[PDB]
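Let me begin by presenting the structure, written as structure tokens, before commenting on it.
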12 protein chains.
Amino acid sequence: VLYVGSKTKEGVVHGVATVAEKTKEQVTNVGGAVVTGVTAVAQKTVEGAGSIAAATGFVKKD
Amino acid sequence: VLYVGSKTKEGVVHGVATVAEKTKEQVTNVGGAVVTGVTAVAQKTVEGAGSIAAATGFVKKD
Amino acid sequence: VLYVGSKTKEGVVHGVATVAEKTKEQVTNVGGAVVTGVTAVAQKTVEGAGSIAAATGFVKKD
Amino acid sequence: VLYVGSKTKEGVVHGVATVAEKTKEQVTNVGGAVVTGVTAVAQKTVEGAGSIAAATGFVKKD
Amino acid sequence: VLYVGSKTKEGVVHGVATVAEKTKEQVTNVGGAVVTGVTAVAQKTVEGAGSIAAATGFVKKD
Amino acid sequence: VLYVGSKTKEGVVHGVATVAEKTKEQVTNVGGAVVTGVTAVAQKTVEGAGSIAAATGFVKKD
Amino acid sequence: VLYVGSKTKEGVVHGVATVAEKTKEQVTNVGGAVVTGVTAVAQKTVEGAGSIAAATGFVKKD
Amino acid sequence: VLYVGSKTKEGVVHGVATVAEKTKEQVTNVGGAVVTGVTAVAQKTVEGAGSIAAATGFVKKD
Amino acid sequence: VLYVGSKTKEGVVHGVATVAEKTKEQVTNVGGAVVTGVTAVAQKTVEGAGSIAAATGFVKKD
Amino acid sequence: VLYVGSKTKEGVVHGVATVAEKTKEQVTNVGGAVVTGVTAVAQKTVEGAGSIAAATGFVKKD
Amino acid sequence: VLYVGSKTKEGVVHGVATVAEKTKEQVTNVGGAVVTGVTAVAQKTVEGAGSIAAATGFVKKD
Amino acid sequence: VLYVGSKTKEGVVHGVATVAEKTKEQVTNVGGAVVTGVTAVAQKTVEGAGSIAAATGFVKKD
Ligand SMILES: CNc1ccc(-c2ccc(/C=C/c3nc4ccc(OC[C@@H](O)CF)cc4s3)nc2)cn1
Ligand SMILES: CNc1ccc(-c2ccc(/C=C/c3nc4ccc(OC[C@@H](O)CF)cc4s3)nc2)cn1
Ligand SMILES: CNc1ccc(-c2ccc(/C=C/c3nc4ccc(OC[C@@H](O)CF)cc4s3)nc2)cn1
Ligand SMILES: CNc1ccc(-c2ccc(/C=C/c3nc4ccc(OC[C@@H](O)CF)cc4s3)nc2)cn1
Ligand SMILES: CNc1ccc(-c2ccc(/C=C/c3nc4ccc(OC[C@@H](O)CF)cc4s3)nc2)cn1
Ligand SMILES: CNc1ccc(-c2ccc(/C=C/c3nc4ccc(OC[C@@H](O)CF)cc4s3)nc2)cn1
Ligand SMILES: CNc1ccc(-c2ccc(/C=C/c3nc4ccc(OC[C@@H](O)CF)cc4s3)nc2)cn1
Ligand SMILES: CNc1ccc(-c2ccc(/C=C/c3nc4ccc(OC[C@@H](O)CF)cc4s3)nc2)cn1
Ligand SMILES: CNc1ccc(-c2ccc(/C=C/c3nc4ccc(OC[C@@H](O)CF)cc4s3)nc2)cn1
Ligand SMILES: CNc1ccc(-c2ccc(/C=C/c3nc4ccc(OC[C@@H](O)CF)cc4s3)nc2)cn1
Ligand SMILES: CNc1ccc(-c2ccc(/C=C/c3nc4ccc(OC[C@@H](O)CF)cc4s3)nc2)cn1
Ligand SMILES: CNc1ccc(-c2ccc(/C=C/c3nc4ccc(OC[C@@H](O)CF)cc4s3)nc2)cn1
């Protein structure tokens, strides 16, 4: 009997349970960038810029 | 009997349980960058800028 | 009998339980950068700037 | 019988339990950078600037 | 019987329990940088500036 | 029977229990940097400036 | 304008969120009465014995 | 404008959030009565014996 | 403008948040009555014996 | 403008937040009555014996 | 403007926050009655014997 | 402007915060009645014997 092994995890989400009970959810945006309600998001990136739930406005390079 | 092994975890979220009971959730944005309600987010990045729930406005390079 | 092993954890969130009972949650943003409500977020970064729930305005390089 | 092993933890959050019972939560931002409500956030960074819940305004390089 | 091992912890938060019962929580920001409500945050950084719940305004390099 | 081992801790927070019962919590900021409500935060940094709950205004390099 | 009304609740459960992460859940019963794992149960009874999650053994009337 | 009304609650449970992370949960019963794991249970009873999570053994009336 | 009203509560539980992190939870019962793990339970009873999480053994009426 | 009203509470539990981090929780019962782990329980009773987390053994009426 | 009103409370528990970090919690009972771990329990009783966390053994009426 | 009102409290517990860090908590009972760990318990009783955390053994009426 040997039983050799390994179990890994990299950017793993497991076991979430959520409840949301809003009554009036409004969003008003003029020229900006809104991000809302992200939940249970997993990612893995190699040799790149990983980024979750980011926001930017007015990227004016000149 | 040997029983050789290993279990790892890297940027792992597990076992969350959330409740939100708002009655009037408003968001007003003019030219900015709003980020709201991020929950249970896991990530792993290699040779890159990892960033979760970031915000910026008016990136004017000139 | 040997029983050789190892279990590690790197940027791990596990076992959260949250309750939020707001009645009127408002956000007003003009030209800035707002970040709200981050919860249960895990990350790991190698050779990069890791950053969670950051905010900046008016990045004017000239 | 040997029983050789090791269990480590690096930037680990586990066992949080939170309750928030606000009645009127307002945020007003003009040109700045607000960060609110961060909870149960774990991170690990290698050869990079780690930073959680940071804020800056008016980064004017000229 | 040997029983050789080791368990470590580096930047670990575990066992928090919080209650907040505000009735009117307001925040007004003009050009600054506000940071509020950080709780149960763990981090580890190697060869980088670690920083939790920092704030700065008016970074004017000229 | 040997029983050889070691358990360490470095920047570890465990066993907090908090209650906050404010009725009217206001914050007004104009051009400065406010930091409020940090709780149960652990960190470890190697070859970098660690800093928790810091604030600065008007970093004018010229 | 009148706006006359009323909203009631009698034995009402609303807004639960649960997570269970057992690894080996065993139950052995010999002649008894086991009750396990009741969750989010609401009831209303008029002129009768209401009873939730009850147990009895050996009801020997002679 | 009148705005006449009323909102009541009688045996009401709302806003629970639970996490259970057992590894080996055993129950052994011989002739008794076990009750385990009741959570978020609401009831209302009129002219009757209300009873939640009760246990009895050996009800021998002779 | 009148604004006449009333909001009541009778046996109401709201806003609980729990975490349990056992590793080996055993229960052994022989002829008795065990009750465990009751949480967030609300009740209302009129003209009856209300009773939550009660236990009895050996009810021998002769 | 009148603003006439009233808000009452009778046997109300609200705002609990709990953490339990046992490693080996055992219970052994022989002929008795054990009650454990009651938390956040509210009740109201009219013309009846209210009783929470009670225990009795050997009720031998003869 | 009148602003007539009243807010009462009768057997109300609100704002608890608890942490328990046992390592080996044992209970052994033979013929008795044990009660353990009651927390955040509210009750109201009218024309009846209210009683929380009571214990009795050997009720032998003859 | 009148501002007539009244706010009362009767058997009310609010604002507790507890920490318990035992390592080996044992209880052995033979024929008696043990009561342990009561915390944050509120009650109100009218025309009845109120009693919290009571214990009795050997109630032998003959
Ligand atoms: C600073 N923090 C750190 C630093 C380092 C670590 C760390 C480093 C290395 C490892 C290696 C884990 C391995 N597990 C197995 C399992 C089976 C196997 O099979 C071999 C094949 O020949 C079949 F027999 C080969 C391997 S290697 N784990 C954790 C964690 N945290
Ligand atoms: C800093 N954090 C870190 C750092 C390192 C690690 C880390 C590094 C290496 C490993 C390797 C895991 C392996 N498992 C097996 C299983 C079977 C196998 O089969 C071989 C084939 O010949 C059939 F026998 C070969 C292999 S290699 N795991 C984790 C984790 N975390
Ligand atoms: C500063 N903080 C730190 C610093 C260092 C560490 C740290 C460093 C190294 C390790 C290595 C862990 C390993 N586990 C196994 C399991 C099986 C295996 O299998 C071999 C294969 O031949 C089959 F037999 C090979 C390996 S290597 N763990 C933690 C943690 N924290
Ligand atoms: C300043 N703070 C610090 C500093 C250092 C540390 C630290 C450093 C090293 C380690 C190494 C841990 C290891 N565990 C195993 C388990 C099995 C294994 O298997 C080998 C394979 O051949 C199969 F047999 C190899 C290894 S190495 N842990 C913690 C923590 N904190
Ligand atoms: C200033 N504060 C400090 C400073 C130093 C430390 C510190 C430094 C080193 C360590 C090393 C811990 C190790 N644990 C194992 C377990 C198994 C194993 O397996 C070997 C493999 O051959 C299988 F047998 C190898 C190793 S190394 N721990 C803590 C903590 N705090
Ligand atoms: C100024 N304050 C300070 C200064 C120093 C320290 C300090 C320094 C070193 C250590 C080392 C701890 C170790 N633990 C093990 C366990 C098993 C093992 O396994 C070996 C492998 O061959 C299998 F057998 C190797 C090692 S090394 N701990 C604390 C703390 N505080
Ligand atoms: C000891 N604790 C206690 C004791 C008593 C109470 C309690 C008693 C009575 C009430 C009555 C509430 C009513 N609400 C409305 C709304 C509209 C309506 O419409 C009428 C129709 O003609 C249209 F206009 C008639 C009615 S009656 N509420 C609470 C609570 N708690
Ligand atoms: C001890 N606790 C207690 C005790 C009493 C109460 C309680 C008692 C009575 C009520 C009555 C509520 C009513 N609502 C309406 C709405 C419209 C309506 O329309 C009439 C039709 O003519 C059209 F206009 C008639 C009615 S009656 N509510 C609560 C609660 N809790
Ligand atoms: C010892 N503790 C106690 C004791 C007593 C109480 C208690 C007793 C009575 C009440 C009555 C509440 C009412 N609310 C309304 C609302 C509208 C309405 O509408 C009428 C219809 O004509 C339309 F206009 C009629 C009614 S009656 N509330 C609390 C609480 N706690
Ligand atoms: C010893 N401790 C105690 C003792 C007594 C009390 C206690 C007793 C009575 C009350 C009554 C509360 C009422 N609220 C309203 C609201 C509207 C309404 O509407 C009328 C309808 O005509 C529309 F306009 C009628 C009523 S009666 N509250 C508390 C509390 N605690
Ligand atoms: C020994 N300790 C004690 C003793 C006594 C008390 C106690 C006794 C009575 C009360 C009564 C409270 C009331 N509140 C309202 C509100 C509106 C309303 O509306 C009327 C309707 O006509 C619409 F306008 C009628 C009523 S009665 N409160 C506390 C507390 N503690
Ligand atoms: C020995 N210790 C003691 C003894 C006595 C007391 C005690 C006794 C009586 C009270 C009464 C409180 C009342 N509050 C209101 C509010 C509004 C209302 O509205 C009327 C309706 O007509 C609308 F306008 C009627 C009433 S009665 N409070 C405390 C406390 N402690």
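Naming: A, B, ... by sequence-line order, numbering from 1 per chain.
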Counting only pairs under 3.5 Å, give me each side-chain donor-acceptor contact of residues 5-14 of chain D, with atom names and distances, residues two or more places apart or in other chains.
{"residue": "D:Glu10", "atom": "OE2", "partner": "E:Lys44", "partner atom": "NZ", "Å": "3.2"}

Show me the donor-acceptor pairs within less than 3.5 Å that the side chains of residues 45-53 of chain B make with the rest of the protein, sequence neighbours left out.
{"residue": "B:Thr45", "atom": "OG1", "partner": "B:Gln43", "partner atom": "NE2", "Å": "3.4"}

What closest approach, in Å, do [X] and [Y] show between heavy atoms, and which atom pair accounts for it?
X       : Y       : result
C:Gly15 : I:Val19 : O-CG2, 3.3 Å
E:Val35 : E:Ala54 : CG2-O, 3.6 Å
G:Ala17 : B:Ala17 : O-CB, 4.0 Å
G:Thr23 : H:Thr23 : CB-O, 3.2 Å

- Message: Restricting to ring pair (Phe, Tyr, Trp, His ring centres under 6.0 Å), what partner residues turn up for A:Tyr3, sequence neighbours left out?
- Response: B:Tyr3

- Mind checking side chain to side chain contact (heavy atoms under 4.5 Å, CB included) for E:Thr39 and listing every partner two or more places apart, or none if nothing turns up? D:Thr39, E:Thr18, F:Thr39

- Sequence neighbours excluded, every pair satisfying salt bridge (charged side-chain N to carboxylate O under 4.0 Å, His left out) that has a member inside residues 17-27 of chain K: none

